[PDB]
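**Student:** Below is one structure. I have some questions about it.
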2 protein chains.
Amino acid sequence: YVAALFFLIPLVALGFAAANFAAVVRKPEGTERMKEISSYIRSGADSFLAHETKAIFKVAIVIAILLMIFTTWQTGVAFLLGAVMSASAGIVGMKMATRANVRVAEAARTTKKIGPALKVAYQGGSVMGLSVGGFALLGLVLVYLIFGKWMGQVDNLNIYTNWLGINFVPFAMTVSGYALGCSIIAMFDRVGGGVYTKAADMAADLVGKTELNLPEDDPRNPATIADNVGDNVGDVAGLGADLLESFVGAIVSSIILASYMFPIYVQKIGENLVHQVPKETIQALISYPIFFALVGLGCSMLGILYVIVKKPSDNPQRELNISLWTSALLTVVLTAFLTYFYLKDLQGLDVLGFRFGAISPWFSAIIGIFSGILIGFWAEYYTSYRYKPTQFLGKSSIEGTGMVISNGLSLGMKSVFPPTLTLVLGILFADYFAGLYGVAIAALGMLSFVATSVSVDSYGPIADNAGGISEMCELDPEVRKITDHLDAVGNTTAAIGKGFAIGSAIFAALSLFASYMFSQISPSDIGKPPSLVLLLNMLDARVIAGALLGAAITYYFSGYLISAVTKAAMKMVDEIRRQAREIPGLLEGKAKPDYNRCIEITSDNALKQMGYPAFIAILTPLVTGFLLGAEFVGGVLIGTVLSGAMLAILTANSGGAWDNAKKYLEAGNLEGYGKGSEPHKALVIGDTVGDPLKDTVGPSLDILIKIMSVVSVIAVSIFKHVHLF
Amino acid sequence: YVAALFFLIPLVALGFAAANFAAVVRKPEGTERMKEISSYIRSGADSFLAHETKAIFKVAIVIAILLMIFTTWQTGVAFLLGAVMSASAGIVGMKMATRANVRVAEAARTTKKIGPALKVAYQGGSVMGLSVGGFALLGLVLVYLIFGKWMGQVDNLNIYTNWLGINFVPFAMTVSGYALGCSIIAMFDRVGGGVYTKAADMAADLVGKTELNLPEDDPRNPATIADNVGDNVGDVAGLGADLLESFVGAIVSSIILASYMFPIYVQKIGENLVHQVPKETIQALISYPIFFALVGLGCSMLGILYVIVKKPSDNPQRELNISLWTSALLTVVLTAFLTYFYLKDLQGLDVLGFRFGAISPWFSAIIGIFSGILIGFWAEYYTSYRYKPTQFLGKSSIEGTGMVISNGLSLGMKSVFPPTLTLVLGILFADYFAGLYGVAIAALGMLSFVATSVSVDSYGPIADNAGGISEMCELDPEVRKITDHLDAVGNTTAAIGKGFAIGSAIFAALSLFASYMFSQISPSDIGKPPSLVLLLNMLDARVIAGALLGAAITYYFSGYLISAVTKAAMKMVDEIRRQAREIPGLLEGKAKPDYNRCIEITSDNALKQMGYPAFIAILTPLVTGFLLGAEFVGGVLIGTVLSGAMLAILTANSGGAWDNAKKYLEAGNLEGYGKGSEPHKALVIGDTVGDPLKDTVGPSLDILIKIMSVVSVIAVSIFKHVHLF
Ligand SMILES: [Mg+2]
Ligand SMILES: [Mg+2]
Ligand SMILES: [Mg+2]
Ligand SMILES: [Mg+2]
Ligand SMILES: [Mg+2]
Ligand SMILES: [Mg+2]
Ligand SMILES: [Mg+2]
Ligand SMILES: [Mg+2]
Ligand SMILES: [Mg+2]
Ligand SMILES: [Mg+2]
Ligand code: NA
Ligand code: NA
């Protein structure tokens, strides 16, 4: 059937990724010295990611076994699968970037043009994007085919009850396991890599620029290699796992909602249950987001393929925007026909929230897509120095450091309102068209072109690394200016991707609130009306107290991450000072600095600290649940969603703005004052403040929300009646 | 009756305030220079507060008229009354502090002991505390006696419906007007004063300390007078209006809840309304928080008098802590007998949430008190340099400025979890004992000794001013050390007071959620069960979207305040640079700097910016309500409560910790590095970052929550059915 043809699409995506890999590795590579340093970075990155992968997969096996014990084994299986998929996305991403980075450098060096570097960098990110979409939908469609069709978990869709008292739906619990795996792995990865790269970058930039008057990425600085290796580890793999888990999060959210919808919407007539919605419609609504995601992936492929070729323009940001726009538009247009034809005659839609026929989920999809796009636009507005706010931030450096920090935090706080409002109208309209299912599908719509988003976002770290390499070998300033252009653009794309992630996370979070309320239902209370189930009252003390708690947990989470960064950051600062002092000829370029120490500090600290956050995210709903019940947990999830929603956008836009303001002054756009000036130092301090926020605190929330909510959805059946207080 | 005797108590409080005023003003003024500078500061402060009071009272008259039009005239009357009360608290506070600071300075100069300065400063704050409690309970009891007893608005307590379709309860609407007045005035005052003092302080500290190597509060600096005048305007009057409005907020919250409880708790038996709770019980529960607050005031008076007459010890923090502890304890003990005797035989307790007899609200009160105290303890822990976190923050300055900022924000975020948890258990337990009424009374309990809290908190600005004056006139360093001690202590007390404020604000916010749900009921819908009324479903799209929006509004609010500060801050920085450049002999102490310009900048900017925030706080529930209904507004209130709860504590504790870390290094507690070193500059920058956060952003939230929630509670009856979408 056509099903197999759609099953080909992720495989074609993987093939495209491998093709781009081959195309980029084909590049001639700059210099033997460049190859050497790049090989060093490869060694460090591969090492750290190896230790990471080891520990995280150990923990993943443990958790998976625990799931197979306390739930269905299919849960643990899908868990391991998704784990492998996300981890593989990370590994492929890094292994690609580490080799891809040199090509950009040589391109900009020889051609002295932005075009080539832009192209190779874009292909570099493309590999990772296609890897993300491909892996996600591959694992997903594997779960779907194997567990849903062969085992017939989509067949029954009735409320079950295994031992220990957990009320579950087989397929729902399975995909729950999948998404949970993805979330845990993503969290571990990006926390570790995050702390690593941010400690390294903070120390390097701070001491190097402000305490030694060294240029950015100077080989005299023993911390620069740590910065680049960190860029390869954190800003890359973490992003892949992140947006993969966000994509999966949205789709699996839709699937769970749809699946739980069927056995619940019964009408109790004289002790007889009457299914108000037929099984066929439900199954169709279960398969719908998968085929959706496949089509979206395809369109993303069309867009990316169109871009990597094409007549290269002198403006990269415009090109990437064209990529996203074309991918999104194609996605919309094809989704129209997909939605119309697939859901043509089901008749049972009117009962479960469909207002305007069967074209409703396409409308909700459009809502999600347009929402994501607007988020991108706003993010770019607040972070790029081509506009007012970042220009003001950079220009404000004349007044001091305190002004940089203050106006930075202010910018962060102000930049919250537009995408949040966009999300509000998004939720309201999606709910208007197709209700909760509409919201769940809108979450997917925002990330329907996840491949292009991940690509455009991953385009940045390659540029940053290319700059780091360009500075180390003392090249023509054309290389540095081009690479700085690409790097600033990348910094914008990061903020954009973050916005997408947190938005989709929020829609999916609402849908997961719905599913969470559904999951509480036992086979005995199957007759209860849907309206009485979907009820999470704020005036209940446990619920609002829950919200407050969850909020505080999010904030303390952020604080813990920041502290974790500042530890190795400080230690490395002291290390840089000590090396600059005790090594003669180091600052004169007549003595090679000890990079391995700087590597060791952040590596050790990251490996040590990385454990706690994920464990907290997993155990919180458990302990709060067993202590105070399900309502309290619902509250916790709410507060978490809100506070995470705010802090993510804040940190993202603020950090991006700070960095791009630094790069703004570094481009000499501010008259008189330059790289060695005091305002430059102020913007540098600002950037070092924004670093642990934008690349460690921000996304960790968008993961934490989904993992915590899914854990809650799964475990709720236990402490719903087995709560202590 | 005994009622008149209790009505005497606030008058005795005012008398005590006047007595302390006379006692302190009798103290000797140091030197003609001190008198001159103090007269200057007095002139500036009185001027700014005059303009402020003028504009704010114009707006207040307008709003009051609007209330008299669209609601009962009693609403507008009580509005004006409360307005006058809060404003008067501010005016008295400032007018007292401005004179007290010299007494403190001269005391520390002559005696070279901590005791005297501590005592006179404490009496200085005492005047303001007694002014706050006194004014609040005076206006409140005036409303009670006049509108409740003479007019008989406590008599009817039936659901009414005036023109325009607003369903109201007379007394409830009245005290709503009262609290609203207090909130609007407090907001205006502390926003204006906040921006004023913070721009000045930021510029002064930054340029003075780090760019000129000048000592803090050096007369060579043209911005120091602006800083001191600001301390008198912002940190004083703003605090008075703030905590007065918080006190009033809690009490009026209880009153509104209790009042609305009667016509709502009817049982519909065959088209017949059956009051499940008698009127006597309801009225008793209405009077209860007032007499509660009166007793608390009395106990506060006992504590304060005990301290001011006590034998002065070399340790101030211990003395203030003893004050708070004794006040709280006395409050508890007397409240026990009050609660037992007053609520002896009411019969209606079992129906409306009272679990353990009639002693329940005393238990909830104890919960609130202990909660507030614990908040104080945690605040002191995180902010004082006598403990680990602030010490680490100060010591971290060796690693750079970015580390100071990062660890500061980290401290802020981490310090959120303990008092939030305290508030969670507080809410849960209060609800366990006496439900929503329990929570509402707990809000009062936390601030039962509001006089002592305001006193202890206001003790600080006087000390800070004493230090500024001592430095300006070039005195013995022992004076500076004493005043620095007292000032750091003051900085701790500030954080404590903020914690109290936001806590009480949150409890009262829950109770106001309840009252908000109550207010929607029309006379036709009077028969509806209480359980179905108290329902705010999160899964409703409007509600969660509301939460997101409100959250974003809180964040953008904070951002706007920060920006407003940074405007005049930057302008003043440029002014200081310009004066230092163009005025010869300025830095040599041979030319008097132009302070009036620095005054003018912050004055103009503050007067300009102060308008918007209050207007937003008032208009948001209106526009969002008319647009999307009552549920959406409920959501907005939720998100507002949560985000405000987090940001307030964050900014407060972070700012306090930063400041006391600066003071920690300035005391030479960090070996080797001193006032002129680079780590000192780092801590200075950190302090300038924390300044606009803790003294402009923080409390503004605790006001915004209550003003917005009250406005919503009042206006809800209109757009509940006259909503556009
Ligand atoms: Mg950097
Ligand atoms: Mg980097
Ligand atoms: Mg770099
Ligand atoms: Mg960057
Ligand atoms: Mg950085
Ligand atoms: Mg200061
Ligand atoms: Mg001050
Ligand atoms: Mg001062
Ligand atoms: Mg201070
Ligand atoms: Mg300050
Ligand atoms: Na994610
Ligand atoms: Na207040």
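By order in the structure tokens, chains are A, B, ...; within a chain, residues start at 1; ligands start at 1, following the order shown.
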What's the 9 Å shell around residue 710 in chain A, counting only C-alpha atoms, without same-chain residues fewer than 6 positions away, as a PyMOL selection string?

**Tutor:** chain A and resi 176-177+179-180+512+516

**Student:** Using only C-alpha atoms, select each residue of chain A with any atom at most 6 Å away from an atom of chain B, and give the selection as an MDAnalysis selection string.

**Tutor:** chainID A and resid 399 402 406 410 413:414 416:417 424 535:538 545 552 555:556 559 562 685 688:689

**Student:** For ligand 10, collect every residue having any atom at a distance of at most 12 Å from a ligand atom (counting only C-alpha atoms and all ligand atoms); output as a PyMOL selection string.

**Tutor:** (chain A and resi 402) or (chain B and resi 194+197-206+216-217+224+227-228+230-231+234-235+461+464+487-488+491+655-663+683-696)

**Student:** If you measure from CA of residue 375 in chain A to CA of residue 648 in chain A, what distance in Å do you get, rounded to one decimal?

**Tutor:** 12.8 Å

**Student:** Identify, on the basis of only C-alpha atoms, every residue whose closest approach to residue 287 in chain B does not exceed 12 Å; exclude the query and any residue fewer than 2 positions from it along the same chain; express the result as a PyMOL selection string.

**Tutor:** chain B and resi 3+6+140-141+143-145+148-149+154+171+251-252+254-256+258-259+280-285+289-294+338-339+342-343+441

**Student:** Would you export the selected residues with C-alpha atoms as a CSV table (one decimal), in the first residue's frame, please?

**Tutor:**
```csv
chain,number,residue,atom,x,y,z
B,3,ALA,CA,-15.5,47.3,70.7
B,6,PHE,CA,-10.4,48.0,70.5
B,140,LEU,CA,-10.7,49.9,57.9
B,141,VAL,CA,-12.6,50.2,61.1
B,143,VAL,CA,-15.5,51.7,56.9
B,144,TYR,CA,-16.7,48.9,59.2
B,145,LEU,CA,-18.5,51.2,61.7
B,148,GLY,CA,-21.4,48.3,58.1
B,149,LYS,CA,-23.2,49.3,61.4
B,154,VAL,CA,-23.4,44.0,57.2
B,171,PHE,CA,-20.0,45.8,52.3
B,251,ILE,CA,-8.0,41.5,56.0
B,252,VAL,CA,-10.3,42.8,53.3
B,254,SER,CA,-11.1,37.6,54.6
B,255,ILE,CA,-14.0,40.1,54.9
B,256,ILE,CA,-15.0,39.7,51.2
B,258,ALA,CA,-16.9,35.8,54.6
B,259,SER,CA,-19.4,38.4,53.3
B,280,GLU,CA,-24.8,35.9,63.0
B,281,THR,CA,-21.9,33.5,62.2
B,282,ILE,CA,-21.2,35.3,59.0
B,283,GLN,CA,-21.1,38.7,60.6
B,284,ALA,CA,-18.9,37.3,63.4
B,285,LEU,CA,-16.5,36.0,60.7
B,289,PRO,CA,-10.1,39.5,61.1
B,290,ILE,CA,-10.5,43.2,62.2
B,291,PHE,CA,-10.3,42.5,65.9
B,292,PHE,CA,-7.6,39.9,65.0
B,293,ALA,CA,-5.6,42.7,63.3
B,294,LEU,CA,-6.2,45.0,66.3
B,338,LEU,CA,-9.7,35.9,71.2
B,339,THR,CA,-10.6,33.1,68.9
B,342,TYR,CA,-15.4,35.3,70.3
B,343,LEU,CA,-16.3,32.3,68.2
B,441,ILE,CA,-6.9,34.4,57.8
```

**Student:** If the limit is 7 Å from any atom of ligand 12, counting only C-alpha atoms and all ligand atoms, which residues qualify? Return them as a list in words.

**Tutor:**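 Using only C-alpha atoms and all ligand atoms, everything at most 7 Å from ligand 12 comes to residues 183, 242, 243, 244, 245, 246, 501, 505, 699, 702 and 703 of chain B.
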
**Student:** If you run DSSP over the backbone, which residues in range 98-193 of chain A end up strand (DSSP E)? Put them as a VMD selection string.

**Tutor:** chain A and resid 160 to 161 167 to 168

**Student:** Could you write out that same residue set with N, CA, C and O atoms as a CSV table (one decimal), in the first residue's frame?

**Tutor:**
```
chain,number,residue,atom,x,y,z
A,160,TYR,N,-7.3,-1.3,30.3
A,160,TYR,CA,-6.8,-2.5,30.9
A,160,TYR,C,-6.3,-2.2,32.3
A,160,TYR,O,-6.3,-1.1,32.8
A,161,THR,N,-5.9,-3.3,33.1
A,161,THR,CA,-5.3,-3.1,34.4
A,161,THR,C,-4.4,-4.3,34.7
A,161,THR,O,-4.8,-5.3,35.1
A,167,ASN,N,-3.8,1.5,35.6
A,167,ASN,CA,-4.8,1.5,34.5
A,167,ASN,C,-4.1,2.0,33.2
A,167,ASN,O,-3.7,3.2,33.2
A,168,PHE,N,-4.1,1.2,32.2
A,168,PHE,CA,-3.3,1.6,31.0
A,168,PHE,C,-4.0,1.2,29.7
A,168,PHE,O,-4.8,0.3,29.6
```

**Student:** What does the structure give for the distance between CA of residue 215 in chain B and CA of residue 680 in chain B, in Å to one decimal?

**Tutor:** 11.6 Å

**Student:** Using only C-alpha atoms for the distances, tell me which of A:263, A:589, A:613, A:629 is nearest to residue 220 in chain A.

**Tutor:**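 Result for the nearest residue to residue 220 in chain A: A:589.
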
**Student:** Could you tell me which of A:307, A:630, A:250, A:166 comes closest to residue 507 in chain A if we count only C-alpha atoms?

**Tutor:**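 Once distances to residue 507 in chain A are computed over only C-alpha atoms, the minimum belongs to A:250.
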
**Student:** At a cut-off of 10 Å, using only C-alpha atoms, what residues contact residue 322 in chain B? Leave out same-chain residues fewer than 3 positions from it and give the result as a list in words.

**Tutor:** residues 303, 304, 306, 307, 316, 317, 318, 319, 325, 326, 327 and 328 of chain B

**Student:** With C-alpha atoms retained, could you export that selection as a PDB file, in the first residue's frame?

**Tutor:**
```pdb
ATOM      1  CA  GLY B 303       7.107  44.405  71.372  1.00  0.00           C
ATOM      2  CA  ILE B 304       8.271  47.689  69.850  1.00  0.00           C
ATOM      3  CA  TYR B 306       9.780  46.772  74.905  1.00  0.00           C
ATOM      4  CA  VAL B 307      12.657  47.077  72.445  1.00  0.00           C
ATOM      5  CA  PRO B 316      21.171  44.894  66.221  1.00  0.00           C
ATOM      6  CA  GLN B 317      19.952  41.869  64.220  1.00  0.00           C
ATOM      7  CA  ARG B 318      19.359  39.990  67.470  1.00  0.00           C
ATOM      8  CA  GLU B 319      17.336  42.924  68.820  1.00  0.00           C
ATOM      9  CA  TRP B 325       9.547  37.037  67.671  1.00  0.00           C
ATOM     10  CA  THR B 326       7.956  38.640  70.742  1.00  0.00           C
ATOM     11  CA  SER B 327       5.349  40.457  68.645  1.00  0.00           C
ATOM     12  CA  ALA B 328       4.459  37.227  66.840  1.00  0.00           C
TER      13      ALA B 328
END
```

**Student:** Counting only C-alpha atoms, what is within 10 Å of residue 333 in chain B, bar same-chain residues fewer than 3 positions away, as a PyMOL selection string?

**Tutor:** chain B and resi 299+328-330+336-338+362+366

**Student:** How would the residues just chosen look if you wrote them out with N, CA, C and O atoms as an mmCIF file, in the first residue's frame?

**Tutor:**
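Generated output (result-v9.cif):
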```
data_model
loop_
_atom_site.group_PDB
_atom_site.id
_atom_site.type_symbol
_atom_site.label_atom_id
_atom_site.label_comp_id
_atom_site.auth_asym_id
_atom_site.auth_seq_id
_atom_site.Cartn_x
_atom_site.Cartn_y
_atom_site.Cartn_z
ATOM 1 N N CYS B 299 -0.085 43.829 70.275
ATOM 2 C CA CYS B 299 1.087 43.016 70.578
ATOM 3 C C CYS B 299 2.341 43.600 69.935
ATOM 4 O O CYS B 299 3.416 43.616 70.543
ATOM 5 N N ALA B 328 5.127 38.404 67.382
ATOM 6 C CA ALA B 328 4.459 37.227 66.840
ATOM 7 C C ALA B 328 3.902 36.328 67.940
ATOM 8 O O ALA B 328 2.746 35.915 67.887
ATOM 9 N N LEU B 329 4.737 36.026 68.930
ATOM 10 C CA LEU B 329 4.358 35.150 70.035
ATOM 11 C C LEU B 329 3.168 35.702 70.819
ATOM 12 O O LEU B 329 2.187 34.992 71.056
ATOM 13 N N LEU B 330 3.267 36.967 71.218
ATOM 14 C CA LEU B 330 2.172 37.654 71.900
ATOM 15 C C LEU B 330 0.899 37.595 71.068
ATOM 16 O O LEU B 330 -0.185 37.297 71.584
ATOM 17 N N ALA B 336 -5.292 33.234 70.579
ATOM 18 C CA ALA B 336 -5.895 32.003 71.086
ATOM 19 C C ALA B 336 -7.180 32.297 71.862
ATOM 20 O O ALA B 336 -8.256 31.787 71.532
ATOM 21 N N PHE B 337 -7.056 33.138 72.885
ATOM 22 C CA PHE B 337 -8.187 33.500 73.730
ATOM 23 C C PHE B 337 -9.240 34.286 72.958
ATOM 24 O O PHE B 337 -10.439 34.093 73.167
ATOM 25 N N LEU B 338 -8.790 35.175 72.076
ATOM 26 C CA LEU B 338 -9.706 35.936 71.230
ATOM 27 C C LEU B 338 -10.578 35.007 70.394
ATOM 28 O O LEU B 338 -11.799 35.139 70.369
ATOM 29 N N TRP B 362 -7.530 30.191 64.286
ATOM 30 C CA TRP B 362 -6.355 30.466 65.101
ATOM 31 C C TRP B 362 -5.197 29.576 64.667
ATOM 32 O O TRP B 362 -4.044 30.004 64.649
ATOM 33 N N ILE B 366 -1.750 30.767 63.073
ATOM 34 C CA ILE B 366 -0.446 30.272 63.498
ATOM 35 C C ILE B 366 0.356 29.803 62.289
ATOM 36 O O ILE B 366 1.559 30.043 62.197
#
```

**Student:** Can you tell me, as a ChimeraX atom specification, what residues are no more than 9 Å from residue 83 in chain B when counting only C-alpha atoms, ignoring any on the same chain fewer than 5 positions away?

**Tutor:** /B:57,60,78,88,178-186

**Student:** Can I get the selected residues back with N, CA, C and O atoms, as a PDB file, in the first residue's frame?

**Tutor:**
```pdb
ATOM      1  N   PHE B  57      -3.028  61.549  43.381  1.00  0.00           N
ATOM      2  CA  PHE B  57      -4.320  61.879  43.972  1.00  0.00           C
ATOM      3  C   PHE B  57      -5.303  62.383  42.925  1.00  0.00           C
ATOM      4  O   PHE B  57      -6.506  62.186  43.064  1.00  0.00           O
ATOM      5  N   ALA B  60      -6.423  59.262  41.433  1.00  0.00           N
ATOM      6  CA  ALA B  60      -7.209  58.573  42.450  1.00  0.00           C
ATOM      7  C   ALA B  60      -8.619  59.139  42.535  1.00  0.00           C
ATOM      8  O   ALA B  60      -9.583  58.393  42.697  1.00  0.00           O
ATOM      9  N   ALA B  78     -14.749  54.675  50.195  1.00  0.00           N
ATOM     10  CA  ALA B  78     -13.750  53.818  50.827  1.00  0.00           C
ATOM     11  C   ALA B  78     -12.441  53.833  50.043  1.00  0.00           C
ATOM     12  O   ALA B  78     -11.358  53.747  50.622  1.00  0.00           O
ATOM     13  N   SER B  88      -0.766  58.764  53.343  1.00  0.00           N
ATOM     14  CA  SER B  88      -0.376  59.375  54.610  1.00  0.00           C
ATOM     15  C   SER B  88       0.702  58.558  55.305  1.00  0.00           C
ATOM     16  O   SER B  88       1.614  59.116  55.910  1.00  0.00           O
ATOM     17  N   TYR B 178     -11.892  50.060  49.052  1.00  0.00           N
ATOM     18  CA  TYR B 178     -10.837  50.395  50.010  1.00  0.00           C
ATOM     19  C   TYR B 178      -9.479  49.801  49.608  1.00  0.00           C
ATOM     20  O   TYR B 178      -8.500  50.528  49.354  1.00  0.00           O
ATOM     21  N   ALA B 179      -9.437  48.471  49.545  1.00  0.00           N
ATOM     22  CA  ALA B 179      -8.225  47.740  49.184  1.00  0.00           C
ATOM     23  C   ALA B 179      -7.699  48.163  47.815  1.00  0.00           C
ATOM     24  O   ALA B 179      -6.487  48.259  47.610  1.00  0.00           O
ATOM     25  N   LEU B 180      -8.614  48.403  46.879  1.00  0.00           N
ATOM     26  CA  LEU B 180      -8.244  48.863  45.545  1.00  0.00           C
ATOM     27  C   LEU B 180      -7.510  50.198  45.603  1.00  0.00           C
ATOM     28  O   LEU B 180      -6.480  50.379  44.950  1.00  0.00           O
ATOM     29  N   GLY B 181      -8.054  51.131  46.380  1.00  0.00           N
ATOM     30  CA  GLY B 181      -7.414  52.415  46.603  1.00  0.00           C
ATOM     31  C   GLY B 181      -6.008  52.237  47.129  1.00  0.00           C
ATOM     32  O   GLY B 181      -5.040  52.751  46.544  1.00  0.00           O
ATOM     33  N   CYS B 182      -5.899  51.494  48.229  1.00  0.00           N
ATOM     34  CA  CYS B 182      -4.600  51.188  48.820  1.00  0.00           C
ATOM     35  C   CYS B 182      -3.611  50.654  47.779  1.00  0.00           C
ATOM     36  O   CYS B 182      -2.456  51.085  47.726  1.00  0.00           O
ATOM     37  N   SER B 183      -4.083  49.736  46.941  1.00  0.00           N
ATOM     38  CA  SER B 183      -3.242  49.091  45.934  1.00  0.00           C
ATOM     39  C   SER B 183      -2.755  50.053  44.860  1.00  0.00           C
ATOM     40  O   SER B 183      -1.571  50.066  44.521  1.00  0.00           O
ATOM     41  N   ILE B 184      -3.672  50.850  44.321  1.00  0.00           N
ATOM     42  CA  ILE B 184      -3.325  51.809  43.279  1.00  0.00           C
ATOM     43  C   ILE B 184      -2.315  52.832  43.800  1.00  0.00           C
ATOM     44  O   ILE B 184      -1.282  53.088  43.160  1.00  0.00           O
ATOM     45  N   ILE B 185      -2.603  53.396  44.970  1.00  0.00           N
ATOM     46  CA  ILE B 185      -1.709  54.388  45.563  1.00  0.00           C
ATOM     47  C   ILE B 185      -0.327  53.800  45.845  1.00  0.00           C
ATOM     48  O   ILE B 185       0.696  54.409  45.511  1.00  0.00           O
ATOM     49  N   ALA B 186      -0.305  52.617  46.456  1.00  0.00           N
ATOM     50  CA  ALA B 186       0.947  51.922  46.743  1.00  0.00           C
ATOM     51  C   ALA B 186       1.762  51.700  45.474  1.00  0.00           C
ATOM     52  O   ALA B 186       2.966  51.977  45.442  1.00  0.00           O
TER      53      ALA B 186
END
```

**Student:** Excluding same-chain residues fewer than 6 positions from residue 35 in chain A, what lies within 10 Å of it counting only C-alpha atoms, as a PDB file with N, CA, C and O atoms, in the first residue's frame?

**Tutor:**
```pdb
ATOM      1  N   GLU A  29      39.547  20.310   2.879  1.00  0.00           N
ATOM      2  CA  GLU A  29      40.078  20.529   4.233  1.00  0.00           C
ATOM      3  C   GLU A  29      41.294  21.464   4.215  1.00  0.00           C
ATOM      4  O   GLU A  29      42.233  21.271   3.445  1.00  0.00           O
ATOM      5  N   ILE A  41      39.966  18.383  18.656  1.00  0.00           N
ATOM      6  CA  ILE A  41      38.576  18.665  19.004  1.00  0.00           C
ATOM      7  C   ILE A  41      37.713  17.415  18.853  1.00  0.00           C
ATOM      8  O   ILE A  41      36.860  17.132  19.696  1.00  0.00           O
ATOM      9  N   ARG A  99      33.769  17.109  11.586  1.00  0.00           N
ATOM     10  CA  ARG A  99      34.480  17.007  10.316  1.00  0.00           C
ATOM     11  C   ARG A  99      34.098  18.146   9.371  1.00  0.00           C
ATOM     12  O   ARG A  99      34.930  18.640   8.611  1.00  0.00           O
ATOM     13  N   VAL A 102      35.883  22.349   9.246  1.00  0.00           N
ATOM     14  CA  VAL A 102      37.072  22.809   8.520  1.00  0.00           C
ATOM     15  C   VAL A 102      36.754  23.339   7.119  1.00  0.00           C
ATOM     16  O   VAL A 102      37.334  24.336   6.671  1.00  0.00           O
ATOM     17  N   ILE A 469      38.640  28.085  14.633  1.00  0.00           N
ATOM     18  CA  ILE A 469      39.767  27.570  13.864  1.00  0.00           C
ATOM     19  C   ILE A 469      40.469  28.689  13.096  1.00  0.00           C
ATOM     20  O   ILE A 469      41.699  28.759  13.064  1.00  0.00           O
TER      21      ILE A 469
END
```

**Student:** So, counting only C-alpha atoms and all ligand atoms, which residue among A:21, A:174, A:652, A:578 is closest to ligand 5?

**Tutor:**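 Checking each candidate against ligand 5, we get A:652 as the closest.
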
**Student:** Pick from B:276, B:31, B:101, B:232: nearest to residue 483 in chain B, with only C-alpha atoms counted?

**Tutor:**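 Among B:276, B:31, B:101, B:232, it is B:101 that comes nearest to residue 483 in chain B.
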
**Student:** Measuring between only C-alpha atoms and all ligand atoms, which one of B:70, B:196, B:378, B:7 shows the shortest distance to ligand 7?

**Tutor:** B:196

**Student:** Considering only C-alpha atoms, can you say which of A:126, A:34, A:665, A:111 comes closest to residue 323 in chain A?

**Tutor:**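 Using only C-alpha atoms, the shortest distance to residue 323 in chain A belongs to A:126.
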